[PDB]
Amino acid sequence: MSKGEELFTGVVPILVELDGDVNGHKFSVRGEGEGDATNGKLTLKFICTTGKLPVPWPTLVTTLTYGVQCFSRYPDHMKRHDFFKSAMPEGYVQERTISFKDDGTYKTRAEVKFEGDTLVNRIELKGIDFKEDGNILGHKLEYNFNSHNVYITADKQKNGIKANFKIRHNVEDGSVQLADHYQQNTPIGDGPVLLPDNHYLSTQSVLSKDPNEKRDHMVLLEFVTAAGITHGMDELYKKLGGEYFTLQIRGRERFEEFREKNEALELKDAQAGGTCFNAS
Amino acid sequence: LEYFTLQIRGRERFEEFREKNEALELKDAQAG
C-alpha cells in the first residue's frame, strides 16, 4: 500500500470548486463536506453561487465527486491497486469527456490535491453543442442517481490510470439519457505512484435537499468500494511482484539499452532504500 | 545473432521490458 494511505486514515475535510460554461451559460459551484475513505464514505453539500444552475444537478455528480475517487474504500488486499491515494499529497489531474447521447458534451479538467489538511477538487468545465430544448438544458432529468461500476485500468505510458463507464440518467418521460464517460488521471508530482491491475469501483449515491438552504443546491451521500480482484489473485501479485525474472535479449546494442534502463530503475529503488518497491 | 540475459525485479517491471522487447523482435523476425 502507498505512503499516501496514511492521509486518508481519518475524516478529511473536502472543498470542491467548479467553474462551468455550457453553451455560454456560465456558472460556479462550491461544495464542502467530509470524506471517510476507511468506509468509502463522502458527504457533501454543493451550492450554485451564480444563481440558478443551467444544467441538472445529476449531470455534475461525476465531475464533483466521482471527482474525488481517492475516498474509495479499497479492501486490504486490493490497496496495492489504489492509484488515487498514492498520488497524494501532491495529487493528480483528472480529465474527462462526458458525451450525452443525442445531445452535447462536457469536457472537464480538475486538480485533486491536499491544501493544508483539506482535500481540494478544483474543476474547469466546458459544455458545447447542447440542445437548448434538450434533456440537459431543458431540465428534464429526474433528481436521482443510480449505482454504477467504474472500470479502472492502468495507463503506464502516462504513469496514471484510465476509466470508462456509462451513466444512466433517468428522464422525466420515463426514458434514459446516457452519459458516456472517458476518464484520465495523471499524478501532479514526480514521485512514485501505484499503477493498478484491472478492477472497478462500485459506487452508490443518494441525492437530497437541505430544507434550510435558499440557493440552488444539492446534498450528496456516496459509498464507493473497489472490487473485481480476488484475495488469491492479490496474493499471487504480491509474490510475483517480488520475484526476479530472466529476460532474453537478441543483439548486443539492444541488450545494452535494456540494461541501462534496468540499472537506472534499480538505482531509483536503492536511492529510496527500496521503500516503494512492491508496496502492499 | 547473439543472445543475452537480463535479471528483472518484479512482475510489473518485467512485463514492461518483455513487452517492448517482444515488439522489437516482431520486426527482425518478419523474415528480416
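Heavy-atom basis, side chains included; hydrogens, waters and symmetry copies ignored. Reminder, nothing fancy here: chain letters follow the sequence lines and each chain counts from 1.
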For A:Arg122, is there an ion pair with A:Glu124 - N to carboxylate O distance below 4.0 angstrom? no
So, the part of B:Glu12 with a heavy atom under 4.5 Å from chain A: the answer is side chain
N-O pairing of B:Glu2 and A:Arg252 below 4.0 Å: no
Heavy-atom cut-off 4.5 Å, strictly under: side chain, backbone, both or neither for B:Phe14 against chain A? side chain
Taking the cut-offs as 6.0 angstrom to the six-membered ring centre and 45 degrees off its axis, would you call A:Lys85 and A:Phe8 a cation-pi pair? yes
What part of B:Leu6 gets closer than 4.5 Å to chain A, counting heavy atoms only: side chain, backbone, both or neither? both
Who among A:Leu265, A:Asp269, A:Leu195 has the most heavy-atom pairs with chain B under 4.5 Å? A:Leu265
By ring pair (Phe, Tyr, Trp, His ring centres under 6.0 Å), which residues pair with A:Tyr92, not counting sequence neighbours? A:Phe83, A:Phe84
Would you say A:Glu257 and A:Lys261 make side-chain contact, with heavy atoms under 4.5 Å? no
Does any backbone or side-chain atom of A:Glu243 lie under 4.5 Å from a heavy atom of chain B? Answer side chain, backbone, both or neither. backbone
Checking heavy atoms, do the side chain of A:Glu266, its backbone, both or neither come under 4.5 Å from chain B? both
